[PDB]
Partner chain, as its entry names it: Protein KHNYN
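What follows is one chain in structure tokens, specifically the form solved without its partner chain.
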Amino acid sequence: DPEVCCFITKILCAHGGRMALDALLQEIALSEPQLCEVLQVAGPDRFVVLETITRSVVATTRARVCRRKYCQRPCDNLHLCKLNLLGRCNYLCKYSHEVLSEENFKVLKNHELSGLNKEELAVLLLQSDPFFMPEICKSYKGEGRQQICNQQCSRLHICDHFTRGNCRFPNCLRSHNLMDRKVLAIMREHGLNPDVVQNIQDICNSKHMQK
């Protein structure tokens, strides 16, 4: 049911975007096969199930924040301040700080996320929309060479395709490890804590299996 999915998303986001199946069952009030049937039918575009023997669920969405500076309407994306959600916008900003605006509520409705408050929505977006990640080094060509990039580098040395869930290269040498200490340090500065990065990592790992 749509009312069931929406409610799970809500529980997960209220616990930081991730829950172990045991903790979820003790909130949703369904049986393990009832909950698993819901999760599997909804798909990996809503819930990502992972075994770490210990089953865990990660909340995700196909909803996206508009990347344009001056966007000409109509637009099917959310219109908000990226920096404000990353805790880097308190100062004037030309982007909307009204998360649950009229236009955004319409978008949330298309993605069945109208139930969510601004905190739950932010948790969800920080781990689902690749737009919230730091800029990846444009001159990064992969590991195992002398010239990895054109510097002495302050940017991410990760596979750009992997973050967009479209790394289709047979034996890719560009890093897929967002859990690397050097990467986590760049993430922390951008406004993404290690728990958020762990969720991004697992959603990206899931997207890599389908494509």
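Between two forms, the rigid core is the largest collection of C-alphas that superpose within 1.5 Å. Positions refer to the first chain, counted from 1. Only residues modelled in both forms are compared.
Would you mind checking whether any residues of the deposited sequence sit unmodelled between residue 52 and residue 53, and how many (none, 1 to 3, 4 to 9, 10 or more)? In the record, 4 to 9 residues between residue 52 and residue 53 lack coordinates.
Can you count the deposited residues that have no coordinates between residue 91 and residue 92 and report it as none, 1 to 3, 4 to 9, or 10 or more? In the deposited sequence, 4 to 9 residues between these two have no coordinates.
Mean C-alpha B-factor higher for 73-81, or for 137-145? 137-145 has the higher mean C-alpha B-factor.
On mean Cα temperature factor in this entry, is 19-27 or 197-205 the higher one? Looking at the record's C-alpha B-factors, the answer is 19-27.
Report the third (lowest, middle or highest) to which the CA temperature factor of residue 166 belongs, ranking only the modelled residues of the same chain. Highest third, going by the recorded CA B-factors of the chain.
Quick check on the deposited entry: does the C-alpha B-factor of residue 156 sit in the lowest, middle or highest third of its chain? Highest third - that is where residue 156 ends up once the chain's C-alpha B-factors are sorted.
Would you please rank residue 150 by its C-alpha temperature factor against the other modelled residues of its chain and give the third it falls in: lowest, middle or highest? Residue 150: CA B-factor falls in the highest third of its chain.
Would you mind checking where the Cα B-factor of residue 181 ranks among the modelled residues of its chain, as the lowest, middle or highest third? It falls in the top third of the chain.
Report the third (lowest, middle or highest) to which the CA temperature factor of residue 57 belongs, ranking only the modelled residues of the same chain. For residue 57, the deposited C-alpha B-factor lands in the middle third.
Absent from the display: the form solved in complex with its partner chain. The rest refers to it.
Does residue 14 reach its partner chain in the entry with it bound, with heavy atoms at most 4.5 Å apart? Yes, contact at 4.5 Å.
Quick one: does residue 105 come within 4.5 Å of its partner chain in the entry with it bound, counting heavy atoms only? Taking the distances in the entry with it bound, the answer for residue 105 is yes, it comes within 4.5 Å of its partner chain.
Heavy atom of residue 29 within 4.5 Å of its partner chain in the entry with it bound: Output for residue 29 is yes: heavy atoms within 4.5 Å of its partner chain.
Residue-level contact is defined here as any heavy atom of the residue lying within 4.5 Å of its partner chain in the entry with it bound; does residue 190 satisfy this criterion? Residue-level check for residue 190: no, no contact with its partner chain.
Quick one: find which of 82-90, 67-75, 115-123, 135-143 has residues within 4.5 Å of its partner chain in the entry with it bound by heavy atom distance. Of the stretches listed, the one contacting the partner is 115-123.
With the distance limit set at 4.5 angstroms and only heavy atoms considered, check whether 58, 162 and 167 all reach its partner chain in the entry with it bound. The answer is no: none of the three residues contacts the partner (heavy atom, 4.5 Å cut-off).
Though the partner is not shown here, which residues of 181-207 have a heavy atom within 4.5 Å of its partner chain in the entry with it bound? Stretch hits: zero.
Are there runs of at least three residues between this form and the one not shown whose C-alphas all move 2 Å or more relative to the rigid core, and where are they? Moving stretch: 146-151 alone.
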